[PDB]
Amino acid sequence: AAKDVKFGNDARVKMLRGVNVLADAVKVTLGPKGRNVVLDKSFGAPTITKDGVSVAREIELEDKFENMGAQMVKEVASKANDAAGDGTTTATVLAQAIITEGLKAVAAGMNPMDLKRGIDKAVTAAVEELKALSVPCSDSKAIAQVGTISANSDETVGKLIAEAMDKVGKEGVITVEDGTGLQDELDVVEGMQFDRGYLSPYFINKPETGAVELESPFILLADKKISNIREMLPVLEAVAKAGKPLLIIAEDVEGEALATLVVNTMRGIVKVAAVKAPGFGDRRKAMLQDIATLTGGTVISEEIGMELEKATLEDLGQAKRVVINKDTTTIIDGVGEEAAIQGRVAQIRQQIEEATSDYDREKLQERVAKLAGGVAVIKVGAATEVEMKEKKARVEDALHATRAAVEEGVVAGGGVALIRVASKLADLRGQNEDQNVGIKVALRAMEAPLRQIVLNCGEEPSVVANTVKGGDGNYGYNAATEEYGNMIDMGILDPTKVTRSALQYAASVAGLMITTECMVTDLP
Amino acid sequence: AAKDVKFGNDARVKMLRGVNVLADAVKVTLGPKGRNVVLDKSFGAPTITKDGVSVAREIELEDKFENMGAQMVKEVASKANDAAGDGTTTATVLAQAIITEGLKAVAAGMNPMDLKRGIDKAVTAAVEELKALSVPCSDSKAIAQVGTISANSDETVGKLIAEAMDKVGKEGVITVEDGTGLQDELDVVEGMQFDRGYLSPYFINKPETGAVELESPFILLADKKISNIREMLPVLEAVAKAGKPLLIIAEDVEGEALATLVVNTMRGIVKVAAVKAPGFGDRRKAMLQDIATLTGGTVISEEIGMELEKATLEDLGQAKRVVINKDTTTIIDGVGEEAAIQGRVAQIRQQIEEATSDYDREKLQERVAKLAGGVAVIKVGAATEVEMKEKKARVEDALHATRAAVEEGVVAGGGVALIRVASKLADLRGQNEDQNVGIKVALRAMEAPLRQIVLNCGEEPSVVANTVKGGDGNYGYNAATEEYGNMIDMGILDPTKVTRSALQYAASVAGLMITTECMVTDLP
Amino acid sequence: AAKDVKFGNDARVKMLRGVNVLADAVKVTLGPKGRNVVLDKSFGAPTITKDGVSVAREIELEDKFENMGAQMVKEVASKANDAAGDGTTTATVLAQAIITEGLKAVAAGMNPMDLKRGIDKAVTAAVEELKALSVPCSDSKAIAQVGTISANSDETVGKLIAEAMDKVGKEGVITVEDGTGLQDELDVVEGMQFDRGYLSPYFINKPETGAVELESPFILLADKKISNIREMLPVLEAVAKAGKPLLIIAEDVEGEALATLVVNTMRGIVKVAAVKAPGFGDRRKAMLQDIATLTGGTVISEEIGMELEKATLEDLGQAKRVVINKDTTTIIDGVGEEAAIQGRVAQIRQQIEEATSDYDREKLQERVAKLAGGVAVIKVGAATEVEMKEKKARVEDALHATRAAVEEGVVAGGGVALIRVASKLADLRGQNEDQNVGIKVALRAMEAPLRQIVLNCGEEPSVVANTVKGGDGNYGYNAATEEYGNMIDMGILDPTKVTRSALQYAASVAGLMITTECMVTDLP
Amino acid sequence: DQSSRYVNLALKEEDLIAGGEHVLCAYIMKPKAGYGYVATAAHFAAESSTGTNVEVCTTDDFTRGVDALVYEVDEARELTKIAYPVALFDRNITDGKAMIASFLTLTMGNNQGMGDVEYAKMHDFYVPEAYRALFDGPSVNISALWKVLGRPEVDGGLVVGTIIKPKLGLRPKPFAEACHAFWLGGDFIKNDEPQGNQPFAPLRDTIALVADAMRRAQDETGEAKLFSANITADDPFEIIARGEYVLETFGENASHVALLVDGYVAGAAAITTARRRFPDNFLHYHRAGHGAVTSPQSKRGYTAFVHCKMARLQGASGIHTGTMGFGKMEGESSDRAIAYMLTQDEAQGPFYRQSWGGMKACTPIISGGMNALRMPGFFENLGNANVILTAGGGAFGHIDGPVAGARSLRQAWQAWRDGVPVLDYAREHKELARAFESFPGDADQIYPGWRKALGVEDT
């Protein structure tokens with residue numbers, strides 16, 4: 001954009017009106033009484049939704065100052081999605097309140113940086129106060145309740161999520177799958193299941209779908225790319241002595257190898273399992289080692305010195321049971337020592353700290369769980385794809401919120417903890433008047449998310465915020481019933497991490513943005 | 001890319017006008033009084049047609065909000081076409097009812113979340129109701145009735161569909177390819193049928209008019225090049241002992257080998273013919289596996305445990321009758337036992353639906369048509385492209401409607417089931433007053449399609465609606481004959497499947513769209 | 001586009017607002033009462049910062065003449081980037097002073113030749129007086145003081161940097177690091193660290209994770225690469241009897257070399273590790289020669305009369321301990337004699353005295369620090385990227401101040417020593433009236449920065465000016481405390497030579513701008 | 001969902017060569033130091049690929065690779081090798097073709113806006129010799145069209161011409177025909193390319209096509225038309241009726257008779273009718289470069305050299321790749337590494353060479369100055385592209401002189417059939433060092449050819 005200079009209030013009020021539009025575009029979507037917002041995209045399908053991050057990504061305004069402030073506040077929403085992904089509307093409304101009131105104060109001409117320092121002190125005090133006020137969330141029924149809260153009173157999804165989490169255990173992975181019909185379905189895969197199939201239909205067993213079911217087989221490890229090499233026959237020689245069914249982990253099986261294997265099977269000579277590689281070099285580096293550990297076997301390689309020619313039938317490990325079909329194959333379990341399993345966990349702990357972080361630590365955890373725990377697949381029951389968008393958004397939000405809440409605990413929803421701690425932290429003071437005023441304005445503005453929740457209910461925000469302050473402890477307000485009661489015992493519990501991250505991000509960005517004195521803009 | 005916000009009524013009226021234009025275009029397509037619309041063609045002449053989904057596909061308006069709302073209703077229209085395929089007039093009028101009741105709810109200050117939930121409960125109850133009202137259809141006469149109803153009161157299509165149903169079974173059907181004759185025609189063929197023609201000059205066999213027909217020749221394909229199986233002496237001597245004409249369909253044979261086969265025919269010792277391999281190696285080999293199973297033989301493979309050049313009369317598959325023309329190859333009678341047929345059907349069972357659906361379904365159904373179904377093609381004489389477009393659309397719609405009726409059944413036509421289920425569910429109650437009001441509004445709006453139907457005939461809407469409501473069972477009003485009486489005796493029947501799917505998708509999209517509160521706009 | 005000519009005041013007039021705009025951008029920003037300005041990038045997020053040079057770099061307006069005045073004045077900011085990095089606000093206020101004095105001079109009409117003579121004479125006299133006023137700095141607490149004042153009285157991070165400076169010594173050089181946590185952390189890396197990790201997972205030594213930690217290692221220099229001959233056994237086996245660690249230095253490692261290393265690691269022959277090629281020829285030659293000399297290794301090159309087969313057992317290098325991880329290999333310390341080490345450091349200092357005096361010398365400073373100091377790492381606890389940028393700007397300013405004070409030492413900052421030396425330089429005389437006028441004009445020009453400092457906090461200009469000019473010694477004003485006091489107590493101590501360079505650039509740019517005669521520009 | 005977990009390629013290009021059926025189409029995800037992470041993926045494929053009303057699918061259905069299925073190998077320098085797969089798409093029985101919307105969604109990576117263009121020189125990753133399996137396969141240029149008349153493939157002749165003074169204008173045939181009447185280098189003249197019947201065209205738009213009615217001097221005169229007489233019409237629906245079968249006397253020489261290739265409105269549209277018969281409509285672009293986007297003052301264009309990998313059908317004599325990137329600020333591993341890659345004395349590699357299972361003419365354009373006196377320079381890799389050594393005419397102010405050298409479309413024949421190393425590219429002549437007296441804008445800072453222009457009294 002072009003460079004043009006503007007000064008003081010010329011940008012300031014723009015900032016104001018800028019945030020003013022963005023927030024009230026978003027704030028109206030909260031609550032069952034509230035509706036969704038329509039995001040315009042002719043190149044796409046304009047989306048009517050409550051997805052805060054989707055709205056934030058969709059933000060772009062005609063006005064120059066409003067547009068730059070909007071891309072500024074989009075960054076905090078993006079960072080929150082990177083951190084939590086839900087409660088984003090709360091972060092936006094609290095950030096709007098604090099920035100607007102800080103600008104209101106600066107309109108009186110106080111030092112912005114001292115105000116920021118006082119607010120930062122208040123933020124740190126609030127962080128340790130949240131540490132004090134955090135309530136651990138351990139029991140699975142409370143986990144289901146908070147997931148349902150994230151699902152906004154979707155009881156079946158909440159109970160299914162609780163079932164999945166209990167079945168996978170502490171470190172078992174949970175995965176979401178695109179639902180098709182109107183029926184919610186939860187499936188648990190035990191062991192390792194990959195998408196690989198035998199090309200020769202002559203391998204089809206008696207049961208339908210081409211499923212071969214085989215228990216107590218022979219774990220085989222091949223590190224070199226073997227496709228149809230006639231030098232394998234010595235290994236077959238051991239199998240020739242064995243006369244037993246077995247599974248082969250090889251790159252692929254080409255003409256001669258498939259021919260001899262098929263004729264052996266159909267003539268009844270020997271039955272063998274051998275399938276195309278699920279993953280490439282990087283994945284097989286993990287798979288051979290982890291299969292050896294889970295099956296209690298020793299890794300078999302063709303490089304370095306060790307090769308196929310020297311081998312033992314007992315050098316081939318064993319499994320529990322394997323099932324094969326057209327393109328999918330599962331192995332239920334194998335007998336391997338826990339000592340090796342946690343040795344691999346310890347060596348992969350160093351892999352956890354990686355330069356990629358996202359997109360790969362997920363695969364690490366999936367691998368660890370499929371070696372140790374089970375894999376959860378959900379197809380949520382729903383009619384159309386546009387609403388399954390919101391369904392899966394709610395699902396992932398509930399999952400991640402549970403990830404935070406299980407370890408870090410929960411606190412009452414609606415921000416009531418923020419108002420209660422603002423009541424707690426009256427006596428905190430700064431160096432001078434500026435820092436004290438910053439603390440005061442932060443504590444005054446931090447009640448805004450709750451008042452906006454009340455407004456979404458179409459009720460008096462001041463009265464509710466003036467009464468709740470009268471109340472304490474677990475007492476609060478229910479929007480579904482639209483009346484007071486026990487805030488906590490009813491079950492609106494949210495991980496404290498989302499609150500911490502929201503307040504911290506909002507404070508960090510607000511302190512730097514409130515201090516602006518001159519600004520640049522594009523040509524008309 | 002800069003966007004702006006608009007609030008409530010503006011884009012509300014925008015999509016209101018869009019749906020108004022849609023309903024204006026649709027009303028002329030209502031009932032027996034349904035008329036056609038000109039749809040612009042960029043290069044060629046525009047098409048006069050009634051197809052609502054095509055009209056939606058052609059939607060082009062200057063207004064951005066009108067266009068996006070048009071895309072929104074196009075989405076549900078296309079999903080209805082994917083599920084039901086017709087009732088497009090019903091879809092448009094129910095959409096108009098939906099937007100009208102949404103406007104009423106906006107006027108009411110009503111809770112949209114409770115609205116959609118109550119509508120969902122009412123829709124589940126209505127699903128139960130329609131499952132109750134549906135009646136199985138078995139007689140070919142009712143099938144002809146429903147075909148005529150779907151074909152816009154054309155008895156020829158209904159009787160043609162009934163004939164196909166009676167003779168070639170339920171599933172075995174093929175699409176329509178029509179002529180220029182100005183007359184009608186149906187061709188039905190059973191057995192093995194697939195497009196292959198003969199090439200060499202001799203391949204004009206002994207039957208006149210360039211026809212080829214043989215009794216019990218044995219075809220077998222080696223899955224590889226046929227170069228030295230030009231020798232094939234065991235095959236020649238086996239067939240000579242059998243005293244049968246020589247015909248083998250092979251993967252690929254050299255042109256000079258074909259020439260010396262022609263020389264063999266001319267000398268008369270062995271009269272040998274061949275055609276090109278069926279198709280792509282994988283699907284070709286699957287269908288050839290089917291062919292071999294029907295012929296009771298075992299396919300020769302380049303990588304099987306038996307020699308390409310070695311074959312025996314017992315190694316050959318067996319069949320009775322074959323007819324080959326310049327275009328298409330046909331096997332009339334093959335030597336196969338029914339247990340193999342049912343085993344192939346069993347291995348079909350899983351591949352029937354899968355997830356891919358259409359892509360593997362088509363050939364599978366063709367395969368089914370070869371096994372138990374039938375080959376049915378309609379050749380209607382029509383020189384004008386304009387009439388053949390509409391004829392094709394109508395016959396495809398009639399086909400799909402007949403299939404839907406066969407699988408799920410029918411209820412009474414004319415939409416009377418709407419008022420019947422409304423009366424049976426008039427006293428439906430929800431969780432709270434909000435659910436009760438939402439259900440009541442949905443019930444009130446869902447008769448609007450019927451009021452539209454009656455008014456578009458230029459007759460008393462309220463009077464007819466109330467009179468039909470007062471009666472019950474088969475008491476109903478015929479718009480085609482415009483008279484009250486027994487609706488079934490009048491043969492006014494519509495498949496239950498299309499109504500159910502349309503109602504369910506209508507409920508989904510309505511619950512999604514009732515959340516319209518704030519909208520985004522772009523530059524002109 | 002087309003050329004436009006402006007003569008005398010016509011250009012001069014324009015020039016005014018140009019720097020005025022720049023002044024409006026920059027002057028208000030300095031000090032705790034000073035604020036920050038937003039510089040946005042179209043693709044990225046806006047950056048709000050206080051660094052004046054950061055503002056200056058992207059300065060551009062619509063007006064041609066103002067833009068060209070701005071690009072002259074940006075030269076001092078760029079040179080500050082190159083040499084100092086801070087005091088950029090001082091350069092800008094110097095520019096404002098010189099433009100005011102230039103307009104006044106044009107108003108009176110002195111000869112620019114005599115004007116620049118007086119300017120440079122006054123500048124040199126100021127340099128002399130500042131050198132007279134220089135105060136040595138050696139103790140760590142003053143280091144912390146200067147770090148804090150550079151970070152705007154940041155006691156926490158300033159003390160962190162002072163502590164790091166103390167523990168790594170003067171030769172320790174610090175780097176810039178990404179921010180992950182909420183708190184800063186300090187890391188010290190000793191010896192040669194490089195991106196070299198084990199290729200095969202079998203290379204795991206005792207400390208797991210493929211980490212090889214060897215005390216007093218024995219290092220082989222295997223110039224270039226060895227695959228086909230593959231027999232380093234004359235020394236390999238000898239040290240195998242010696243039962244001592246092995247280190248290999250080769251550019252490439254092949255399947256055979258990996259195989260035999262795996263043999264040694266698994267079968268238990270002897271502990272052996274190898275290292276790949278470093279990189280470019282210059283860097284690899286440097287970091288192998290220095291290591292061999294420091295470790296007492298033998299210069300081994302097949303480029304010279306030498307072979308792996310033609311080798312001596314004395315070729316081994318020796319270190320204290322080496323730690324190899326998945327990606328990084330680190331030499332903690334090397335075993336060498338003191339005289340040889342100091343001689344090699346002397347020759348690398350002879351390399352320091354290089355005509356290049358550029359980034360080649362910086363990569364040499366890497367080697368020099370590894371000779372004497374170590375790698376210092378401050379991993380910031382920044383939450384967001386923009387606050388990370390501001391933090392790193394602060395720490396880099398502190399680093400610049402510390403490094404400048406290392407060679408020069410510090411004198412009273414905040415302009416108190418500057419106004420003191422200007423008051424001394426108030427007795428300067430010139431050759432003619434033009435020169436005397438230029439000298440006294442320079443006196444007010446140097447008075448300007450301090451009075452703008454006063455007005456930045458909006459304080460009494462005349463009172464401060466009088467009470468400081470009359471005063472002497474450590475009596476001065478503090479903006480952090482906003483009060484008079486001892487300079488040592490205030491502790492704003494600055495390596496003045498950065499201000500020296502800034503003021504001589506200011507003298508040069510004043511001398512060029514006093515050549516304002518006529519200008520030709522392009523049409524917009 | 002997600003995007004990855006479908007292709008885990010963990011080996012270098014060697015594995016990408018063994019497969020043979022690997023076709024690469026994607027954008028390099030090298031986040032620029034200065035541009036931070038989020039924008040690298042935000043503007044990669046989220047808003048510049050398709051528009052994507054909801055989402056689309058192919059008739060085969062269930063395609064797992066809508067997003068960038070990145071197998072990029074990242075261990076040393078983040079060497080990016082990413083492909084939009086095409087071989088895994090819908091495979092049919094006879095044609096193997098997909099539907100209308102299949103390719104329209106994923107295969108056209110668009111770098112329309114993102115800052116990834118400051119310096120990005122992409123050297124060699126090319127579709128191997130295993131390309132004729134289920135693809136057409138172009139390997140023909142004008143050096144292979146009239147090949148039977150004396151042009152072999154690689155640097156073996158051409159039809160692109162050099163012009164003697166005057167540069168252009170006052171068309172040669174009436175009076176300046178002596179410039180074209182010299183078979184010694186005046187053999188195929190072309191005019192400036194930004195012309196034709198374009199919407200933004202001057203009054204000369206009528207003249208261009210009018211050049212057709214003056215083809216009367218090719219049969220009875222004794223000379224064959226080899227000028228780029230810009231008569232290629234925009235509206236095609238006139239040739240349909242008569243010329244199909246016999247009257248094709250115009251000839252396949254699309255680079256002898258004119259052809260309009262401006263790079264915006266023509267491209268290679270000829271694919272439809274001539275899938276197999278005439279896939280060779282020569283890339284008829286007048287030799288203009290280093291004046292549109294390469295200049296930091298005037299940057300008007302984009303980068304598509306990766307996507308141009310299918311374009312070898314045209315027979316390119318010009319492609320707007322960019323520049324070597326010399327000037328501005330050096331140091332910090334100075335950008336002179338162009339020399340440091342091979343000219344360094346103490347380097348060594350014993351084992352492998354440049355063999356990517358299907359080599360072809362591949363040599364970067366001589367920009368700035370590269371004379372045969374600097375024989376230790378540019379002749380290492382291949383030394384020649386589908387072009388002929390032709391630079392500014394600084395020392396070329398003579399009628400015949402070294403008659404052999406000026407043979408633009410004839411001396412290449414000898415200079416490639418002489419068979420004397422990579423010197424063949426510059427075997428012609430070496431006095432080109434004087435050509436800097438004419439064209440300054442190639443050697444500006446490093447080469448001493450500009451020292452005489454300005455820079456105080458020194459030489």
# chains A, B, ... in the order shown; residues from 1 in each chain; ligands from 1
$ interface_residues --of "chain B" --to "chain D" --cutoff "8 Å" --atoms "only C-alpha atoms" --output "list in words"
residues 279, 280, 356 and 359 of chain B
$ write_last_selection --atoms "N, CA and C atoms" --output "tab-separated table (two decimals), in the first residue's frame"
chain	number	residue	atom	x	y	z
B	279	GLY	N	-10.99	-54.37	-22.24
B	279	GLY	CA	-10.78	-53.03	-21.71
B	279	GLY	C	-9.52	-52.90	-20.88
B	280	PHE	N	-9.55	-51.95	-19.94
B	280	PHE	CA	-8.40	-51.70	-19.09
B	280	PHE	C	-8.09	-52.93	-18.24
B	356	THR	N	-17.46	-45.58	-2.80
B	356	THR	CA	-17.30	-44.92	-4.09
B	356	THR	C	-18.63	-44.76	-4.82
B	359	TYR	N	-19.08	-44.79	-9.31
B	359	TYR	CA	-17.99	-45.11	-10.24
B	359	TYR	C	-17.87	-46.61	-10.48
$ interface_residues --of "chain A" --to "chain B" --cutoff "6 Å" --atoms "only C-alpha atoms" --output "list in words"
residues 32, 33, 35, 36, 37, 38, 39, 40, 60, 61, 62 and 259 of chain A
$ select_by_dssp --residues "stretch 190-376 of chain A" --states "alpha helix (DSSP H)" --output "ChimeraX atom specification"
/A:233-242,255-266,281-294,338-352,361-372
$ residues_around --residues "residue D:386" --least-positions-apart "6" --cutoff "10 Å" --atoms "only C-alpha atoms" --output "ChimeraX atom specification"
/D:141-143,153-158,315-318,360-363
$ select_by_dssp --residues "stretch 188-377 of chain A" --states "strand (DSSP E or B)" --output "CSV table (one decimal) with N, CA, C and O atoms, in the first residue's frame"
chain,number,residue,atom,x,y,z
A,188,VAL,N,-13.3,-48.4,17.5
A,188,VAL,CA,-12.0,-48.5,18.1
A,188,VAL,C,-11.2,-49.5,17.4
A,188,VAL,O,-11.6,-50.7,17.4
A,189,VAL,N,-10.1,-49.2,16.9
A,189,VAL,CA,-9.1,-50.1,16.2
A,189,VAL,C,-8.0,-50.4,17.2
A,189,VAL,O,-7.4,-49.4,17.7
A,190,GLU,N,-7.8,-51.7,17.5
A,190,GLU,CA,-6.7,-52.1,18.4
A,190,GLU,C,-5.6,-52.7,17.6
A,190,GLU,O,-5.7,-53.5,16.7
A,192,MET,N,-2.2,-52.1,15.1
A,192,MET,CA,-1.8,-51.3,13.9
A,192,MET,C,-2.7,-51.7,12.7
A,192,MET,O,-2.7,-52.9,12.3
A,193,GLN,N,-3.3,-50.7,12.2
A,193,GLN,CA,-4.1,-50.9,10.9
A,193,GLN,C,-3.7,-49.9,9.9
A,193,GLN,O,-3.7,-48.7,10.1
A,194,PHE,N,-3.3,-50.5,8.7
A,194,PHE,CA,-2.8,-49.6,7.6
A,194,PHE,C,-3.6,-50.0,6.3
A,194,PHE,O,-4.3,-51.0,6.3
A,212,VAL,N,-8.6,-62.4,5.1
A,212,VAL,CA,-7.9,-63.5,5.7
A,212,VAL,C,-7.6,-63.2,7.1
A,212,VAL,O,-7.0,-62.2,7.5
A,213,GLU,N,-8.0,-64.2,8.0
A,213,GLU,CA,-7.8,-64.0,9.4
A,213,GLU,C,-6.8,-65.1,9.9
A,213,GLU,O,-7.1,-66.3,9.7
A,214,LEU,N,-5.7,-64.6,10.5
A,214,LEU,CA,-4.6,-65.5,10.8
A,214,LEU,C,-4.0,-65.2,12.1
A,214,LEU,O,-3.6,-64.0,12.3
A,215,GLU,N,-3.9,-66.1,13.0
A,215,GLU,CA,-3.4,-65.9,14.4
A,215,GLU,C,-2.0,-66.6,14.5
A,215,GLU,O,-1.8,-67.6,13.7
A,219,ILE,N,6.4,-62.8,12.3
A,219,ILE,CA,6.8,-61.4,12.0
A,219,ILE,C,8.1,-61.4,11.1
A,219,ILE,O,9.1,-62.0,11.5
A,246,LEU,N,2.6,-67.2,7.4
A,246,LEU,CA,3.4,-66.1,7.9
A,246,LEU,C,3.0,-64.8,7.1
A,246,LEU,O,2.4,-64.8,6.1
A,247,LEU,N,3.5,-63.7,7.7
A,247,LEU,CA,3.3,-62.4,7.1
A,247,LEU,C,4.6,-61.8,6.7
A,247,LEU,O,5.6,-61.9,7.5
A,248,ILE,N,4.7,-61.2,5.5
A,248,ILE,CA,5.9,-60.6,5.0
A,248,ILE,C,5.8,-59.1,4.9
A,248,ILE,O,4.8,-58.6,4.4
A,249,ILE,N,6.7,-58.4,5.5
A,249,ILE,CA,6.8,-57.0,5.4
A,249,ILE,C,7.9,-56.6,4.3
A,249,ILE,O,9.1,-56.6,4.6
A,272,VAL,N,1.0,-67.7,2.6
A,272,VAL,CA,1.9,-66.6,3.0
A,272,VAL,C,1.2,-65.3,2.9
A,272,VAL,O,0.4,-65.1,2.0
A,273,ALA,N,1.5,-64.4,3.8
A,273,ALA,CA,1.0,-63.0,3.7
A,273,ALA,C,2.2,-62.1,3.4
A,273,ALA,O,3.2,-62.1,4.0
A,274,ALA,N,2.0,-61.3,2.3
A,274,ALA,CA,3.0,-60.4,1.8
A,274,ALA,C,2.2,-59.3,1.1
A,274,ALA,O,1.4,-59.5,0.2
A,275,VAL,N,2.5,-58.0,1.5
A,275,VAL,CA,1.7,-56.9,1.1
A,275,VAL,C,2.6,-55.8,0.6
A,275,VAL,O,3.8,-55.7,1.1
A,317,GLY,N,9.6,-63.0,14.4
A,317,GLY,CA,8.8,-62.9,15.6
A,317,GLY,C,7.4,-63.3,15.3
A,317,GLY,O,7.1,-63.8,14.2
A,321,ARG,N,-2.7,-61.7,16.2
A,321,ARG,CA,-3.7,-62.0,15.1
A,321,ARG,C,-3.7,-60.9,14.1
A,321,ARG,O,-3.4,-59.7,14.4
A,322,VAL,N,-3.9,-61.3,12.8
A,322,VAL,CA,-3.9,-60.3,11.7
A,322,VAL,C,-5.1,-60.6,10.9
A,322,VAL,O,-5.6,-61.7,10.7
A,323,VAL,N,-5.7,-59.5,10.3
A,323,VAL,CA,-6.9,-59.6,9.4
A,323,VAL,C,-6.6,-58.8,8.2
A,323,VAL,O,-6.1,-57.6,8.3
A,324,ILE,N,-6.8,-59.3,7.0
A,324,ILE,CA,-6.5,-58.7,5.7
A,324,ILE,C,-7.8,-58.6,4.9
A,324,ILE,O,-8.7,-59.5,5.0
A,329,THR,N,-5.5,-53.7,6.2
A,329,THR,CA,-4.9,-54.8,7.0
A,329,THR,C,-4.7,-54.3,8.4
A,329,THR,O,-4.0,-53.3,8.7
A,330,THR,N,-5.1,-55.1,9.4
A,330,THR,CA,-4.9,-54.8,10.8
A,330,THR,C,-4.2,-55.9,11.5
A,330,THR,O,-4.3,-57.1,11.2
A,331,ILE,N,-3.4,-55.6,12.5
A,331,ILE,CA,-2.7,-56.5,13.4
A,331,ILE,C,-3.1,-56.1,14.8
A,331,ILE,O,-2.9,-55.0,15.3
A,374,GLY,N,-5.2,-47.6,21.7
A,374,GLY,CA,-6.1,-47.9,20.6
A,374,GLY,C,-6.5,-46.6,19.9
A,374,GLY,O,-6.2,-45.5,20.4
A,375,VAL,N,-7.0,-46.7,18.7
A,375,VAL,CA,-7.4,-45.6,17.8
A,375,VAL,C,-8.9,-45.4,17.7
A,375,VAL,O,-9.6,-46.4,17.5
A,376,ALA,N,-9.3,-44.2,17.9
A,376,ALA,CA,-10.8,-43.9,18.0
A,376,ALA,C,-11.2,-43.2,16.7
A,376,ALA,O,-10.5,-42.2,16.3
A,377,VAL,N,-12.2,-43.7,16.0
A,377,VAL,CA,-12.8,-43.1,14.8
A,377,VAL,C,-14.3,-42.8,15.0
A,377,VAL,O,-15.0,-43.7,15.4
$ calpha_fit_rmsd --fixed "chain A" --moving "chain C"
1.7 Å
$ residues_around --residues "residue B:292" --least-positions-apart "3" --cutoff "9 Å" --atoms "only C-alpha atoms" --output "ChimeraX atom specification"
/B:220,287-289,295-299,317-318,336
$ atom_distance --atom1 "atom CA of residue B:481" --atom2 "atom CA of residue B:88"
22.2 Å
$ residues_around --residues "residue A:418" --least-positions-apart "6" --cutoff "12 Å" --atoms "only C-alpha atoms" --output "PyMOL selection string"
chain A and resi 90+94+122-123+125-127+129-130+133-134+411-412+424-425+442-451+465+468-469+472+496+499-500+502-503
$ residues_around --residues "residue D:403" --least-positions-apart "4" --cutoff "9 Å" --atoms "only C-alpha atoms" --output "JSON, numbers by chain"
{"D": [184, 185, 399, 407]}
$ residues_around --residues "stretch 420-424 of chain D" --least-positions-apart "6" --cutoff "9 Å" --atoms "only C-alpha atoms" --output "PyMOL selection string"
chain D and resi 155+372+375+379-384+412
$ atom_distance --atom1 "atom CA of residue A:405" --atom2 "atom CA of residue A:142"
10.1 Å
$ atom_distance --atom1 "atom CA of residue B:49" --atom2 "atom CA of residue B:358"
26.2 Å
